[PDB]
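Contents: one structure, followed by commentary.
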Amino acid sequence: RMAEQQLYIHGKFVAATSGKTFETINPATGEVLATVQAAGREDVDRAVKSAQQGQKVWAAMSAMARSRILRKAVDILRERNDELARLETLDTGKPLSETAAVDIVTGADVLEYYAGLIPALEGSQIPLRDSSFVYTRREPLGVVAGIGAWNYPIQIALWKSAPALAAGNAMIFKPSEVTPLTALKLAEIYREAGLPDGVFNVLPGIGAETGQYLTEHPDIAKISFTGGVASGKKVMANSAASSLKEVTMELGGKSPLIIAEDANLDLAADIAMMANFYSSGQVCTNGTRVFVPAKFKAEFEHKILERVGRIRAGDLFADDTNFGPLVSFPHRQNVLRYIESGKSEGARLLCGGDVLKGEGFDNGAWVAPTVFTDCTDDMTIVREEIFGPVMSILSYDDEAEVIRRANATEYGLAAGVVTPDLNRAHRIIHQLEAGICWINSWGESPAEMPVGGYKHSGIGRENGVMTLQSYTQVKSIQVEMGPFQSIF
Amino acid sequence: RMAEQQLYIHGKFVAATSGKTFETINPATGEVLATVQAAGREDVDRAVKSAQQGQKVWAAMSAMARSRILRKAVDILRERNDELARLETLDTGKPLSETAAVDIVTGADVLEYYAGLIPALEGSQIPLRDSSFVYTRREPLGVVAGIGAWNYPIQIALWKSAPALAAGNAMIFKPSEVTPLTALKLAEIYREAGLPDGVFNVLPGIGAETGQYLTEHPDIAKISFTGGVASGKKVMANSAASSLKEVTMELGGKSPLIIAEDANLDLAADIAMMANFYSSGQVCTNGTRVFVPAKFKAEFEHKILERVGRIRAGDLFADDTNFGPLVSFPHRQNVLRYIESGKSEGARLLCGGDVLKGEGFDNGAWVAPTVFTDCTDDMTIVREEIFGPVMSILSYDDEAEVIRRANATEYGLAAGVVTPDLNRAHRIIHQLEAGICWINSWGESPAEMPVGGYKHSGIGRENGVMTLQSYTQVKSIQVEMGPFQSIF
Amino acid sequence: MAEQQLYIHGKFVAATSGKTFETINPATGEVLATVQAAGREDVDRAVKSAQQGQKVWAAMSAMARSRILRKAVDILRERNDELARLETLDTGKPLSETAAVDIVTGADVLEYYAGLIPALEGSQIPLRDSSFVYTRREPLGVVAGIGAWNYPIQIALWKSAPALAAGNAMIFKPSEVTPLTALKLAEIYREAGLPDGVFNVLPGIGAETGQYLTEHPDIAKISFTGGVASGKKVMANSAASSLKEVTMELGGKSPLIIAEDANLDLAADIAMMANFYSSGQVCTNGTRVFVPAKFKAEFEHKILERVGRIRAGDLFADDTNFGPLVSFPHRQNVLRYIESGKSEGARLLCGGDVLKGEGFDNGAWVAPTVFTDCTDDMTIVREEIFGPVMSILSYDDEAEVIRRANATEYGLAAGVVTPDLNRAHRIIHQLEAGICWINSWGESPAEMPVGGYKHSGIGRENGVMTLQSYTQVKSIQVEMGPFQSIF
Amino acid sequence: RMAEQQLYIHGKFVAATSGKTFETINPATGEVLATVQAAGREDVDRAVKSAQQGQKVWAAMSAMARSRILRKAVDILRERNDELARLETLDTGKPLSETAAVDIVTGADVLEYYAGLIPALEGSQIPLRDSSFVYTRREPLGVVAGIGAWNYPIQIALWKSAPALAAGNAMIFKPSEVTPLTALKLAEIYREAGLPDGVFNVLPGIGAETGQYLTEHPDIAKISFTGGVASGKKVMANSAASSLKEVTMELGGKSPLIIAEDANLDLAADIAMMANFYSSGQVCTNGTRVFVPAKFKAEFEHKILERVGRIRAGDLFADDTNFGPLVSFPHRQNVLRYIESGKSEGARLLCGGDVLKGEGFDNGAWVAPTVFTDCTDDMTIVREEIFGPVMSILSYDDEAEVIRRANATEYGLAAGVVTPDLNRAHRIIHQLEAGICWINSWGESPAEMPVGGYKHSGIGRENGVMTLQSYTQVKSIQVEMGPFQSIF
Ligand SMILES: CC(C)(COP(=O)(O)OP(=O)(O)OC[C@H]1O[C@@H](n2cnc3c(N)ncnc32)[C@H](O)[C@@H]1OP(=O)(O)O)[C@@H](O)C(=O)NCCC(=O)NCCS
Ligand SMILES: CC(C)(COP(=O)(O)OP(=O)(O)OC[C@H]1O[C@@H](n2cnc3c(N)ncnc32)[C@H](O)[C@@H]1OP(=O)(O)O)[C@@H](O)C(=O)NCCC(=O)NCCS
Ligand SMILES: [Cl-]
């Protein structure tokens, strides 16, 4: 066990005044990775006053000065990629083959992107008449709060903190209690790059206490939350009741992958695998409802089974391992309950469905890669996000039907279609009710591409130019050079 | 009186199935203007199903076809300006001198503005590599809901419905129970202009029921609310708990008006008058904290007294009337309680402070134009929105001090400065924490200018190009033309 | 008809040149009208009129300008058929085209820009707490447009709409071949409430009236539509005189690529519309049709079947879809190109000569003409003909067709016909042209910027960007801090 | 002495095949700094084929890959700032107090700015109907040519190459024959940073041969030229006559500085000094027509003379030197002809008017700081750009008059106003016909700010986001998914 992990406030680690702690577990062994201090209500207020002071220094700097500091943070992240990836693997259970190639790399890509856009953040000017004009400023919100999830801890912290800092704000970040460690490292890296004290503070803790203290604080102007649909509704509600904060929410999904009647089934099966079993199924954007034409279903199932057999579970630091345990043991239990629900409702188990057993698996929160077929739109596993390695295969007959069924859900995060046909690809995608759409691929989320959910899957967007703007507030200023007329 | 007012669903007036009605009162005479049907839970569901069907027709039209229909609505509104203004006066008690020059004129201006921008609504295209690119669509939200306030009934209905419809949505509008009449007229006008049935439905009712049914409905994608700060928090919370709706909120303020030491005091007094006594003080953006340099306070007070003496209360249809009663007797009661708190807390009454009495006033909720001076930052009348004709005059000594005090509030809607000095005007305005800032003027809200609140005064914005975009949602589409690679 | 005058400051006025020219009806050979030609003094009058009007125009509110342009739109829709008939007499294009395309799409662009006027915005850039920058998009002032003869009224609208919408006054010179509809537009604009001087029309000869505009010191921009060679001279003269901003929409030799998986009925329909509309007198025409060798014979048969359905005749008849060429001198140039095709070894698939008989002997008719077995070195393949002459070329592989499609000084338009998702985007992204069509040809939405690569143009028309290109940026720095001198 | 300077083509120095050379002179001593090879027609053809090959490599990289390479060039330029400034001082005669603080600093600022914007370069997407949409690409022009001037050699090379390279083009740069040395250093710096071979080639030579050969070449897509008005017309003409190239031109001016009646005259005099005598008056944007109110003329003249007396000419590497010789002896002769016309036409000489003589000046191209007053709008020195240290003071009586006179010129590059009054500052500036306007300052040209001329002072702009886009060409693409209809 590491030394007791402290809070990060105003450029330094600092002891919590709450008197409370929590533990993070290595999901591959069950051992305690570390004891972590939990931020109390007084700790949150202290972090906010620190952030207010830092934000004023940060915002008073020039745009290019802020860009240079974020770019130095990028360089440090690239250099420390493997060290951070290893820590992320210990905390999350994700294979090093993933964490060393994706988590920090794509997190730093977004920070690098926004570092370069700071000088392009511009207001507007509007002429009204010769004697009057309007101009606008895109001003910082002030102090914002980001609340992270556990599947991509450092990536999420970068995707929230990068636009927030680039827009001139200070952010107080609360990582998930499951995976608090990499965010504390990120805080040191930012300071090492020259970020002014207070601009990025990290408050580990529990959602019911630390997260709620942030959502309630009167001087925080915005909350950005990544997490579950149910917890999101609570965060957004508490954020409104306290001080009417601006809100961004990235929640889960039940995204459909539509295989067209002209699709090559090797390509479709490869896309379905990457849409379901990367990060052991713990990805909000996963294509967990795979729609396949009835005439192809039997062949597609065989192609899925062959590729499931190639999945290589084992030591998370081994080069060939491409599948890990789930993030925690309680989470494994929920995934298993969904699997039992699939059996009890009559879905046909094609493969998996149980924990992994044997030396190297008995002490980890492993679930076998699991595929259900003969699925129907009313089944619990088809309707609800599992956030585990569980693919649901559904047969369909015609294009209009599959679009209706793909859209008949409260979720709206992602979608995809597999087809070589120009007209079919655009025609279908334009009709799907989702914010993130992939044609003949899955999963790639470039820094330039806004991503977020329709309907219950989210509020607002992340990434792209628009997210830099959404971390500012517009001030309109009218200059009246004419004589003002009063009717009184 | 008038005929019983029904609901407007799918291009026709229709009876409510709630079995409930309410009365709208003429605030100048006390007479029942009309009996109005109240939309029940089932009526809201009918309106949503109507809106869904109409929205599909609307969105499938070409952009210019939508533009032309809204422009026909503009032309009808210009032709009926005076008739609609007189109706607005009957329902609100605001003088015809105001309604015939502002309410419909500026409401129709915003509709004309967005009508012309529909064809300019564009997504983006982002090249990733030779073998892949991303493009974005700005898609309609679907069915959205507007909830109006009673001070500017038809203007609010136009400022919400114009961008929502121009963005390809259908809107269900709930007017305030105080002032439902003009919204029903607007619904007929839209139909007459060629708006497809269902695209604009109007559901009169009470906030506790009809408003709550809209915030709760699972198939409404966005709520846009104008009203008080307190009611706003309830709407925003209920929108999250039910279906995680996008939300826009335009709430009240306690906006500061800063008179600089080099200001001409006749101009300052004229601006203060217009910032406090228009629409009898029932304006969210009013400059109700008037900061005057200590050395000019006495002279400024004299100039206010002289201009207050010229305010002309009387017949609301006479050209020289420039002051009306408050919208209801309960609202006047609240304004009178604030005036009494001002007296009891030691503020000096400069003028007014009582109800108006005599023939032509006894049946209306009239309050005299009221000015308090010798005010301090801790007084109730200085800290809280009154929404009545009550100006608070505060003295200050230096620029840094006045900026602090101007910003030391939870409200953030508007602000202004009076100064002929180039540096002082821009320098002060840039430090003020408000979304709407006026230099040497007050009140003008051009269609091009985004307007909305900082902090507790609002979420999001109205008007400007950005509000058109905010009634769309982004879908990002990646076209991957290279061979997809699975790691499994 | 009545002797046609110049239009300056809201009225018809006699030219001071003492010179006139005649415009010929291309279907009968008869003189339609005698038109006065603007001299150097007339241009100076138009410019001073424009300077006075532009100030009135620019001082109005943005929405005031929008309403006036929208009222011109309403007048244009109501007089569509009348304007179309005049266009047919002057151009020779069938009424089936002029009543459905010329005024409709010209008015579409005017309607489009009318609505964007209030969205024209500058920027604001903070530098530090004590200094910021804001920009204005200011009118250029007086700008000049020089039209072509194939789409007289449409081109006048596509140039004047963004110019006026941006707050400028425009002096428009129509082609001497086709001056009549531009003068009608001038009246319509005035009837809509456009202030006097904001749109002046100066008919005349390119060698005189055009050159006087390109040389005038108080004109800030020249916008020219025409041939590549004429464009180079206009742009040079605009530079040598007063360093004007320039926009040029010139000709092309645009390629139409038929893919190996293309449906040949669709390909043939696209090739027909890309070659024989307006009798082949369209700058964006796909006059190089690349077809896979394995499909060439079938494609040739399908083209011939559709050429036989072409209906030449009375231009005011509903079923007529093919007209004479705009002038007899132009037909002479088109016939010389056809003879080179014959002499250089291209195989004549149909047409190749003038049309004869009652109703055709007195008009400047050329039959729909198709060459095949063409090679990249032939004159008919390398140079814009601007007549109804399709060249069919065979190809074997994708890389080859892209190299050959791009192997030209022209850069205006291009297209591909394919149902395959990857092939359509992949090929289009590599073609060196500004206007690219997938599984279609010819559509030019008001929202879509259009213009040429390489020798086919400078700048763009239509879309939001063209509104901005008719403004000039002024950057303004507000320095609220103390200024420090090193002296 | 330095080594014979060669051409830079495809990542290496290479001998010209023209057989021709020229010499660059140290303007402070008259000595030969270096012999420089002159590129002939064949060398130009080779550089274009090099550029075509390099441009393909550069454009096929990712946007962030291009961004990183330019950022490494920024880092090298910052580290080598003093060495580069010293070389520029030797080649131009500008004091090191200027070159080490401005030339490379602001040149590198612009490269840094555009490096970060590469990922934000985006096309558009326009929906037409359900069955068809349009998207646009911002494609590189290909090979572009920059032709520099001699007053700010390395800065001009950076301001032209930075947006051109950031947009994916290759640039062939021709420096002025007066000042070729720093451009060749920049080429090595770009290669050291990782710029692919051929993307930045430098061809020293004469305008009549090397300049003309580039403007004529069929495979160069755009010309960007900085220089005199007369040469500009010739460049723009040859660019059109050959292959109809896109053009950008930054030419000279006769920019007005308007001192208002309420201006502080010390501030006005400091601004006029910086607007006339920086770089010895060899700045295109200089405020050489100084309009002063008649009532303040005498006092303003006194304050100018006092500040002129502080000008410190001397050793160009000494810290306190703030005034240098002119760039060449032929240019001094032209400046002297203008000064003589000022005397002969009746303008009153307040100071200067002759060369500087004595030890340390006799071998340099020195002209004394010169001020004329009692100037009138018809004088040659008032109407024509001198590009030397010659200020013209003009008296005026009222605002309308000074605006007319300020605008009564074929030039349009810059302008400025000195006034503390809010209304006067914006009101006057909005009426001036110039692309670059300064209020209460002069000379600052932020990377974010587009700069360029009205009328004869230029075509197009430099700096700002718009200049990155102007180095691309728009391709519009319509996808028609519905059945195509032929009328034949
Ligand atoms: C561990 C597990 C229980 C999820 O944790 P949870 O307690 O349900 O919380 P959520 O993931 O919904 O919310 C994310 C974060 O919101 C915050 N949060 C929760 N309740 C909060 C509240 N009332 N106020 C403020 N913040 C709160 C916490 O920081 C939480 O981090 P956590 O994941 O460690 O709890 C897991 O078994 C699970 O259900 N995961 C499936 C998917 C999911 O619900 N969310 C993950 C991303 S979609
Ligand atoms: C520039 C030139 C080549 C144009 O060739 P062209 O297009 O065959 O010539 P045209 O006279 O038909 O010009 C076409 C259009 O440009 C117009 N035009 C010609 N000169 C113009 C000018 N200086 N300004 C404006 N418009 C001009 C013509 O009026 C005509 O308009 P319209 O036909 O639409 O009514 C020709 O005008 C010229 O100057 N010839 C001398 C050089 C030459 O022939 N080529 C040298 C080859 S090495
Ligand atoms: Cl050195």
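When a ligand or atom number is given, it counts from 1 through the structure's own listing order. As a basis for the values below, the full set of heavy atoms in this structure was taken, side chains included, without hydrogen atoms, waters or symmetry mates. All chains are named by letter (A, B, ...) in the order of the sequence lines, taking the proteins before the strands, and each is independently numbered beginning at 1.
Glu410(A) CD: 12 or fewer foreign heavy atoms inside a 6.0 Å radius. Counted within 6.0 Å of CZ on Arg80(D), heavy atoms from surrounding residues, nucleotides or ligands total more than 12; the atom is thus considered enclosed. In the displayed structure, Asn334(A) atom CG is contacted under 6.0 Å by more than 12 heavy atoms of other residues, nucleotides or ligands.
The nearest protein heavy atom to atom 46 (C) of ligand 2 is not closer than 4.0 Å. Inside a 4.0 Å radius of atom 41 (C) of ligand 2 there is not any protein heavy atom. The presence of a protein heavy atom under 4.0 Å from atom 13 (O) of ligand 2 is confirmed. Within the 4.0 angstrom cut-off, atom 18 (N) of ligand 2 has one or more protein heavy-atom neighbours.
The heavy-atom pair separating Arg86(D) from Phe317(D) by the smallest distance is NH1-CD2, 3.8 Å.
From the protein, the heavy atom lying nearest to atom 34 (O) of ligand 2 is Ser175(C) OG, 3.0 Å. In terms of protein heavy-atom proximity, atom 31 (O) of ligand 2 is closest to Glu176(C) OE2, 4.1 Å. In this structure, atom 23 (N) of ligand 2 lies nearest to the protein heavy atom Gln211(C) OE1, 3.2 Å.
Here is the list of ligand 1 atoms found below 4.0 Å of a heavy atom in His331(A): 36 (C), 37 (O), 38 (C), 40 (N), 41 (C). Ligand 2 places these atoms under 4.0 Å from at least one heavy atom of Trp149(C): 33 (O), 34 (O). Atoms of ligand 1 lying under 4.0 Å from any heavy atom of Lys174(A), numbered from 1 in the order shown and given with element: 28 (C), 29 (O). Ligand-side atoms of ligand 2 in range of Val234(C): 24 (N), 25 (C), range being under 4.0 angstrom from any heavy atom. The atoms of ligand 1 that sit less than 4.0 Å from any heavy atom of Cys284(A) are 48 (S). The atoms of ligand 1 that sit less than 4.0 Å from any heavy atom of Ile147(A) are 17 (C), 29 (O). For ligand 2, the atoms sitting less than 4.0 Å from at least one non-hydrogen atom of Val177(C) are 35 (O), numbered in the order shown with element in parentheses. For ligand 1, the atoms closer than 4.0 angstrom to any heavy atom of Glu385(A) are 48 (S).
For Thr214(C), no heavy-atom contact with ligand 2 is shorter than 4.0 Å. Residue-level proximity to ligand 1 for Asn334(A) is carried by the side chain, the only part with a heavy atom below 4.0 angstrom. Residue-level proximity to ligand 1 for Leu251(A) is absent, since no heavy atom of it falls below 4.0 angstrom. Of all the heavy atoms of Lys233(C), the ones lying under 4.0 Å from any atom of ligand 2 belong exclusively to the side chain.
Judged by the shortest distance from any of its heavy atoms, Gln282(A) lies outside the 4.0 Å radius around the atoms of ligand 1.
The distance from the CZ atom of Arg331(C) to the OG atom of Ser279(C) is 12.0 Å, given to the nearest 0.5 Å. Distance check: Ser242(D) OG to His455(C) NE2 gives 7.5 Å after rounding to the nearest 0.5 Å. Separation of atoms OG1 (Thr288(A)) and CD (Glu384(A)) is listed at 11.5 Å; rounding is to 0.5 Å. Note that the CD atom of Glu385(A) and the OG atom of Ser457(A) stand 8.0 Å from one another [nearest 0.5 Å]. Taken to the nearest 0.5 Å, the OG atom of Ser238(C) stands 10.0 Å off from the CZ atom of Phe224(C).
Which of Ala229(C), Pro329(C), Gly231(C), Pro174(C) comes nearest to atom 1 (C) of ligand 2 through a heavy atom is settled by distance: it is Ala229(C). When the options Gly206(C), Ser230(C), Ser327(C) are ranked by their closest heavy atom to atom 16 (O) of ligand 2, first place goes to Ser230(C).
Stacking of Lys93(C) on the aromatic ring of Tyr151(C) is recorded, both the 6.0 Å distance cut-off and the 45° axial limit being met. For the pair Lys173(C) and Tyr212(C), the cation-pi test (distance below 6.0 Å, angle within 45°) is failed.
Polar contact with ligand 2: absent for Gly210(C) (N/O pair, distance under 3.5 Å). Of the N or O atoms in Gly228(A), one or more lie within a sub-3.5 Å distance of an N or O in ligand 1. Considering backbone and side-chain N/O of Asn238(A), none are found under 3.5 Å from N/O of ligand 1.
Looking at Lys160(A) and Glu462(A), a side-chain N of the basic residue comes within less than 4.0 Å of a carboxylate O on the acidic one, giving a salt bridge. Under a 4.0 Å N-O distance rule, the pair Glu209(A)/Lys20(A) qualifies as a salt bridge.
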(message) Pair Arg78(D), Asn81(D) - check side-chain hydrogen bond (donor to acceptor under 3.5 Å, both in side chains), show working.
(response) CA-CA 5 Å; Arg78(D) 304 287 186 205; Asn81(D) 181 77; over 6 Å; no

(message) For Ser18(A) and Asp43(A): C-alpha separation, side-chain torsions, deciding distance, then whether side-chain hydrogen bond (donor to acceptor under 3.5 Å, both in side chains) applies.
(response) CA-CA 7 Å; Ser18(A) 73; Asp43(A) 301 313; 4.5 Å; no

